[PDB]
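# Tertiary structure, described
Listed here are the chains, written in short residue letters.
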Amino acid sequence: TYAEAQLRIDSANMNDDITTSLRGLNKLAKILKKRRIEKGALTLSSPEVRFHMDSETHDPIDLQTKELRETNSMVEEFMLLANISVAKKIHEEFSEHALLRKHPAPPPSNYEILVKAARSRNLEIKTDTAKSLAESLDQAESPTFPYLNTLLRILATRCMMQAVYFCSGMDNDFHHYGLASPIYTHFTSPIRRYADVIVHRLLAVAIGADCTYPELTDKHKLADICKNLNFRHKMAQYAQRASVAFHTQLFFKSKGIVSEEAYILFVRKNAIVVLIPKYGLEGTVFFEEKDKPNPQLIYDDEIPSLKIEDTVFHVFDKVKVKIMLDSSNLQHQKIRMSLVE
RNA sequence: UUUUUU
């Protein structure tokens, strides 16, 4: 486990051969930490959630967000090293009939809204490439609150394109935007991915360690397999996110009408969507349908600020929110937030 | 709607 191995490595007290090997792995992982950001890789994942149960495991009680250890980043960068190695290997051997994974180049319009939000904030951001963006974003640690930096990171995480698997025979372009590497594929999970199963098959047929067949090298069939595995992949995150949304509703439903103070992260034309860190979820409140006459809303586009007769709301602010679940229709049990006039 | 373990 991670806590036990962390106490193994971080204490020089317990010393078998396995812990010595893990300390050597950590010393190599700090060199990977040296080269890591200098490659141009971004490790800025979305705000996660973890339920913790009760005496029954069917109604979980509390909601906790895990703080990551360094050994997670260690096995991360080792699997990145393995994937880069096998990608260059299959590129050298079978660049016409291998399964590769790309991240397309995003338009700068998705970065320009973030640059406008940084202009409202205390920081300028270069939208040229991932290198200058990551360097100017990592230099933006404000002593007012580091969680404003965290909100900037998750808003940058919101602004990306959808990576996919592709066959090279049918079509060509192999660059990857997110990892700042020229070519990439997945290899290190053949238990839970069929793409890694065909990666193992093509690598075993590549060095001649096992027999390949002509159905394993036909390109159009593979392109169809890449379309199928791209379709199956985007549905799975939809299912997982709907699952955590449903469970979250159950948790909220049995905690009555509790409330928080949250941070506003995105602004609607006539509504605003915020984040609550204590439960760590996203939630929108609409300012158009339960509202007064339209002159109480004044909206700007250069800076998306919404102005009321009392005060103009801005991004990255502590606000007054509540949690109430609606069941106006039994379909789509939805989380409503607040009411103001 | 990258990314690594489930």
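Residues numbered from 1 in each chain as written, not as in the entry; some residues may be left out. Chains lettered and ligands numbered in written order. Part of a larger assembly, values for the part shown. Heavy atoms only, no water. Residues with missing side-chain atoms left out of burial classes, pairs and counts.

In the nomenclature of the PDB entry, chain A corresponds to Exosome complex exonuclease RRP44 from the organism Homo sapiens.

Our focus in this paragraph is the overall build of chain A. Summing up its helical and strand segments, chain A has eight helices and 14 strands in all. Once local pairs closer than 6 in sequence are excluded, the contacts in chain A between residues at least 24 apart make up 59%. (Helix = DSSP H or I, 4+ residues; strand = E, 2+ residues; numbered from the N terminus. Contact = heavy atoms within 4.5 Å.)

This brings us to the packing of aromatic side chains. The relative placement of two aromatic rings is captured by the distance of their centres and the angle of their planes. Here the aromatic rings of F166 and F174 are separated by 5.4 Å at their centres, their planes lie at 55 degrees, and the arrangement is tilted. The structure contains a cluster of three or more aromatic residues connected by ring pairs, namely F251, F252 and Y279. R101 extends its terminal NZ or CZ atom over the ring of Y165, reaching a point 4.5 Å from the ring centre. Over the aromatic face of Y238 sits the side chain of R241, whose NZ or CZ is 5.9 Å from the ring centroid. (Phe/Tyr/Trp six-rings, centres within 6.5 Å; stacked < 30°, edge-to-face > 60°. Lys NZ or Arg CZ within 6 Å of the ring centre and 35° of its normal.)

What the three strands build is an open sheet, ordered β6-β7-β8; its pairing is antiparallel. The open sheet has two free edges, formed respectively by β6 (263-267) and β8 (281-286), since each of these has just one partner strand. The sheet shows a mean angle of 30 degrees between the axes of neighbouring strands, taken without regard to direction. Here six bridges tie strand β7 (residues 271-276) to β8, and the two strands are oriented antiparallel to one another. Bridge pairing links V273 to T284 in β8. (Pairing = 2+ DSSP bridges. Axes fitted to C-alpha atoms, helices over the stretch in contact; angles between N-to-C directions.)

Moving on to unusual backbone geometry. Its identity as a non-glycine residue notwithstanding, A180 has a phi of 55 degrees, on the positive side. Within the secondary structure layout, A180 lies in the loop between β4 (164-167) and α7 (194-206). With phi around 60 degrees, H332 is a residue other than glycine that occupies positive phi space. Mapped onto the elements of the fold, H332 is located in the loop between β13 (324-326) and β14 (334-336).

Secondary-structure assignment places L133 in helix α5 (residues 130-138). In sequence terms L133 and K290 are 157 residues apart; their C-alpha atoms lie 40 Å from each other. Excluding its chain neighbours within four sequence positions, the residues that come into contact with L133 are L42, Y111, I125 and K126.

Before going further, it helps to spend a moment on the pairing of β7. With four bridges connecting them, β6 and β7 associate as antiparallel partners. Across the sheet, residue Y263 finds its bridge partner in β7, namely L275. The antiparallel pairing of β6 with β7 creates a hairpin that spans three residues between the two strands. Where β7 folds back onto β8 in an antiparallel hairpin, the turn is made up of four residues, including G280, whose phi is positive at roughly 70 degrees.

In this section: the packing of helix α1 (residues 2-10) against helix α3 (residues 70-94). Between α1 and α3, the least distance of the axes is 9 Å, while the angle of their chain directions is 95 degrees. Considering their axes alone, α1 and α3 lie roughly perpendicular with respect to each other. Between α1 and α3, the contacting residues are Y2, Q6 and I9 on the first element and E70, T71, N72 and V75 on the second. Along the lines of polarity and charge, the residues of the contact of α1 with α3 split into three nonpolar, three polar and one charged. (Parallel < 35°, antiparallel > 145°, perpendicular 65-115°, else oblique. Nonpolar A, V, L, I, M, F, W, Y, C, P; charged D, E, K, R; others polar.)

Across the pair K102 and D173 runs a salt bridge whose closest N-O atoms are separated by 2.7 Å. Separated by 71 residues along the polypeptide, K102 in strand β3 (residues 99-102) and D173 in the loop between β4 and α7 bring together distant segments of the chain. Between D138 and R153 there is a salt bridge; the shortest N-O distance is 3.1 Å. Residue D138 is found in helix α5, and its partner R153 is found in helix α6 (residues 146-158); the two are separated by 15 residues along the sequence. (Salt bridge = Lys/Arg side-chain N within 4 Å of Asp/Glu carboxyl O.)

Let us now look at the sheet that holds strand β11 (residues 312-313). If you walk across this open sheet you meet the three strands as β9-β10-β11, and the pairing is antiparallel. This sheet does not close on itself; its edge strands, each paired only once, are β9 (298-299) and β11. Of the pairings in the sheet, the one linking β9 to strand β10 (residues 306-307) comprises two bridges and is antiparallel in character. Counterpart to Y299 in the pairing with β10 is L306.

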